[PDB]
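See structure below.
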Amino acid sequence: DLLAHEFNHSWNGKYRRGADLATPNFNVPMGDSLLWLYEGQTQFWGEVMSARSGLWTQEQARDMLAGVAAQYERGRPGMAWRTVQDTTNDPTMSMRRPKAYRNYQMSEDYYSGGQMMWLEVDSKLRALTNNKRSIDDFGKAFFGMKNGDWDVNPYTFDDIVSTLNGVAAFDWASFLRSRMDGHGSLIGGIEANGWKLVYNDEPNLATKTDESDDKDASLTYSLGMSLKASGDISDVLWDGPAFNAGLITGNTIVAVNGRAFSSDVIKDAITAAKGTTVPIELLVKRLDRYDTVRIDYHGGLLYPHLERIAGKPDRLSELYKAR
Amino acid sequence: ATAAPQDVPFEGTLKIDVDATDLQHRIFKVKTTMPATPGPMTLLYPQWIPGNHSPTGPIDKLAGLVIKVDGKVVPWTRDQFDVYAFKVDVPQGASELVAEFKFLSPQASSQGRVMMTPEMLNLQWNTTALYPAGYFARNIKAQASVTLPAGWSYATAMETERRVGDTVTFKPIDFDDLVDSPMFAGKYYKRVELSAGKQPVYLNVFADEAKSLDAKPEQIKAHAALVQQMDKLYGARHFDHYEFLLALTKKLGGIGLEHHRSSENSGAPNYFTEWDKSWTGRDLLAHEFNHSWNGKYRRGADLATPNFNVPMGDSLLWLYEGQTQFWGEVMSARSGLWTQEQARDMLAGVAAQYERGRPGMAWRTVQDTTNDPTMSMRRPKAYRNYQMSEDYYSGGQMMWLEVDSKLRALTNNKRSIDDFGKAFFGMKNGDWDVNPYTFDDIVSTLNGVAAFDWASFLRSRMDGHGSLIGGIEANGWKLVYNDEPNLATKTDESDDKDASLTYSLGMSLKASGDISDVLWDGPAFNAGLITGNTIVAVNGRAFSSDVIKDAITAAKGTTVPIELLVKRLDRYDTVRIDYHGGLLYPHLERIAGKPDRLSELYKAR
Ligand code: NA
Ligand code: NA
Ligand SMILES: [Zn+2]
Ligand SMILES: [Zn+2]
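Chains A and B, in that order, give the protein sequences.
If you count by the deposited numbering, then the first sequence holds residues 304 to 626, one letter each, in order.
If you count by the deposited numbering, then the second sequence holds residues 22 to 626, one letter each, in order.
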């Protein structure tokens, strides 16, 4: 999706840019307040255009989308105190330097969190117009002027609202602020467009590809952590089971129920603990000390997928379909 | 299935020509030439090698064998019931047989000890020889030659006839003495005189790097003192000259092999340059030198076989190796190769090995361990402490210490084991032909020093299951254990940060935590631990030698078991060891009331 993503920026980001971002030279500070359009909708179009162009299969794009939806339904506990709007300050705050909890500190969520909101914007435009308008109409109206022009054409927040209102009348200012300044769910566009985010033990296509050769283990929605093949913990979900055992990134899972760690071993132990009352025993190395923790997790392996809601119209497939 | 060797004359000379230039492949190319007698002929590759007491002949490393009679190839047939025997048919009217082959020396330690390096090589003529069946080996006149890597020096007890370029031709010699006359060769060589006179002794040092050859005067003196101290003991030398062969190396395979007029010895590159760190192995040259008397000159009758392809009887190895192990350590102290404190702590370690480190003594005798060379071939065994392993060495050493103490008690300290050595090995100065003995000869010579039922004494120790360390207390000392480290153990575990815990937790460990040895019926054994398991943590803390030792001390006198996190194959478990005795290392302490005969024994004469 990279080339689709970067290409879309020629319209969204380069040609049209937030007025506080379009600075007069390279040595005055940049205002990032509208990055949830610049990068957020480009993240959205990058994945949609990957499916429309055939760079991704339709199944690949849908599993990609399921991972994003799960990230904000369960993988971002930092939503409770921080808004997506505040993450537009992350480039200057963090400069992508290592942080302990991307899931709790949050990290440039104007990308994927913005993508979810633009998916909901598409679903709302369809609902307001009986599917006669969609986010495609916003794209043409907001970026389709002045063919050949590649000088910056700045915009403000009110311009976004006005263009959205021109596609379909609605209090878009309140809608945008409620998602971007709020702490609530961002994934409403999934169900509105006819699908549902579910979790089961079948691996997500994206996660499966990203953990095949290295034999890593992404267990975000089960044990609340990710591990390298060595057993080194690479990420811990805030308030998750691994977190509640005091585990941090850099600790090592040495053994699972007494058996030397492997990705298959810890996954099999999670499956074996599903529905039982026998805790999973993890032998842990913390710096130069070893201890055993008992984790009472019995939900089994949980990987995100999208499933159809049979009665509802399938607007999502229309959105991801080639034009 | 090979006809017995006969004490009949062998007509002619067996010529053995070796090309030792292929250092890269580590190949010795060989040409053996002999008179060809018409009719069936059987050629033998040496199988039982003197000094190894076992069939160590590397038959599967003999390759490329082609046999020609007067230039014509003759097919050979190996005896399927004697794989060291090659049979050919020699036509009528033939004159000369030539066998050509290659000895493919070890390319890694897994094939045996390495014999060739870019800087040095070790030529053992039994690996590069074929000889006719049916003859006593001593009746076969032989003449050897070797082509060396360009410009290399060499050393051997065998007299040189001529060196032409890099081809050294040696003077004719009996075939059994040829096998007994190994050669070291290398580019970094130093020859040091240890004793002048009519039966001179020299030390030949080869090294990986020339800097290792810088032996200091006081260090050479200790080696010269070894020769003088052996003169005091035996009063005779069983050689016309003696050539120590010493390789200071990390590349050549380790070796300690005795011969009549030489010995093959290996040491670390810091044998001289770090004299204070390399002391634990310095009894080697004293050990091998003593064998020139005890083992080479005098040998058990069942061990002195007529050729290299009939089995050897090892029944009397507790004199061959046992008393040599004894004199090796005693002479190290007498000569100054070891300090008296180092020799005393070495002896304490041996005594503890048989007081507490050999539970296998409950079922097996030291006499039975004389079969270990052929049973085990020094291959890995799980419990050297319970299966036992060649205890005719150190167990024999303790008996000879008790023999010494008994000789003193019987004679009011006027006689000691020194008198046995002179009486049993000191005859016929200059003779280096084998002078065999039997068990009755040992008893008779001991009885000549001091009358006693030595037959019962020897049999009760070597066929018994009781204590072997009685000579310690009889000679005025007592074996004790405390938390003070043994000098040998400390030196042999330092730098690597290893951990010898035989007398506390009953196990030894590498710095990694891998268990390297487990004492039968000890605390680690009783937790189900075996060699190859890994101690991962101690009381929850990542393993180190210091960590486990501090935990042993912390567990002393308490009832809180030591918690060891253990890796067994792919499984982790925690064991609790209820050991509360603390760290225990063996030492010798004086018995105030008794005379100190031990210091007399270890004192220079
Ligand atoms: Na421009
Ligand atoms: Na001889
Ligand atoms: Zn971008
Ligand atoms: Zn020996």
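From the three backbone atoms N, C-alpha and C, an ideal C-beta is built for every residue, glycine too.
Beta-carbon separation (whole angstroms), residue i vs residue j, contact threshold 8 Å
| i | j | result |
| --- | --- | --- |
| residue 7/B | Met352/B | As displayed, chain B neither begins before 22 nor continues past 626, which places residue 7/B out of reach and without an answer. |
| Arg611/A | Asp617/A | 7 Å |
| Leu151/B | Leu65/B | 7 Å |
| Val387/B | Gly417/B | 7 Å |
| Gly381/B | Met409/B | 4 Å |
| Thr63/B | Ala154/B | 4 Å |
| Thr270/B | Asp229/B | 5 Å |
| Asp335/B | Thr391/B | 4 Å |
| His486/B | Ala558/B | Not confirmed; about 39 Å, so no contact. |
| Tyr156/B | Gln68/B | Between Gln68/B and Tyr156/B the Cβ distance is about 15 Å, and since that is not below 8 Å, they are no contact. |
| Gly603/A | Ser525/A | 7 Å |
| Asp201/B | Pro71/B | 7 Å |
| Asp519/A | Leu530/A | 7 Å |
| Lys624/B | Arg355/B | 7 Å |
Below-8 Å beta-carbon distance, residue i vs any chain B residue
| i | result |
| --- | --- |
| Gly534/A | no |
| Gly416/A | no |
| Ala520/A | no |
Beta carbon proximity, residue i to chain A, threshold 8 Å
| i | result |
| --- | --- |
| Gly549/B | no |
| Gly561/B | yes |
| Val424/B | no |
Contacts that residue i makes with chain A (C-beta to C-beta distance below 7 Å)
| i | result |
| --- | --- |
| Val557/B | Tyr593 |
Where residue i meets chain B, residues with beta-carbon distance less than 7 Å
| i | result |
| --- | --- |
| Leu586/A | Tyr593 |
Distance cut-off 7 Å: residue i Cβ against heavy atoms of ligand 5
| i | result |
| --- | --- |
| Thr345/A | Of the ligands one can find in the structure shown, namely ligand 1, ligand 2, ligand 3 and ligand 4, none is ligand 5. |
Practice item. Counting only runs of 4+ residues fully inside the segment 524-586 of chain B, write out the alpha helix (DSSP H) ranges in chain order. Key: 544-547 and 566-575
Check your understanding: Can you list, in chain order, the stretches of the beta strand (DSSP E) that have 3 or more residues and sit fully within the segment 422-475 of chain B?
Key -> 456-458
Review point. Contact between the segment 164-180 of chain B and the segment 195-207 of chain B: three or more CB pairs below 8 Å?
Key: yes
Exercise for review: Flag this pair as touching only if the segment 320-334 of chain B and the segment 454-463 of chain B have three or more C-beta atom pairs under 8 Å; answer yes or no.
Suggested key: yes
Practice item. Kindly confirm or deny that the segment 103-112 of chain B and the segment 25-42 of chain B touch, where touching means at least three C-beta pairs closer than 8 Å. Key: no
Practice item. Report yes or no: do the segment 421-439 of chain B and the segment 158-165 of chain B share at least 3 C-beta pairs separated by less than 8 Å? Key: no
Review point. Is the segment 574-583 of chain A touching the segment 543-557 of chain B, taking contact as three or more C-beta pairs under 8 Å?
Key: Segments in contact, no.
Point to revise | Contiguous beta strand (DSSP E) assignments of at least 3 residues, all confined to the segment 587-617 of chain A | key: Listed in chain order, the beta strand (DSSP E) elements of length 3 or more contained wholly in the segment 587-617 of chain A are 592-598 and 606-611.
Practice item. Assess, as a yes-or-no matter, whether the segment 594-607 of chain A is touched by the segment 469-485 of chain A under the definition of 3 or more beta carbon pairs within less than 8 Å. Key: no
Review point. Which runs of the beta strand (DSSP E) spanning at least 3 residues fall entirely within the segment 345-431 of chain B, listed in chain order?
Key: none
Review point. Touch check for the segment 278-289 of chain B and the segment 305-323 of chain B: three-plus C-beta pairs under 8 Å?
Key: yes
**Study point:** Whole runs of the alpha helix (DSSP H) within the segment 228-256 of chain B, excluding any shorter than 4 residues
**Key:** 238-255
Check your understanding: Would you say the segment 563-572 of chain A touches the segment 464-474 of chain A, given that touching needs at least three Cβ pairs under 8 Å?
Key -> no
Point to revise | Segment contact flag, the segment 488-505 of chain B with the segment 373-380 of chain B, C-beta cutoff 8 Å, min 3 pairs | key: Enough Cβ pairs lie closer than 8 Å, so yes.
**Study point:** Contact between the segment 439-452 of chain A and the segment 509-517 of chain A (3+ Cβ pairs under 8 Å)
**Key:** no
Check your understanding: Three or more beta-carbon pairs under 8 Å between the segment 580-595 of chain B and the segment 430-442 of chain B, yes or no?
Key -> no
Review point. On the three-pair Cβ rule with 8 Å, is the segment 27-36 of chain B touching the segment 86-100 of chain B?
Key: no
Point to revise | Continuous beta strand (DSSP E) assignments of at least 3 residues falling wholly in the segment 497-521 of chain A | key: 498-503
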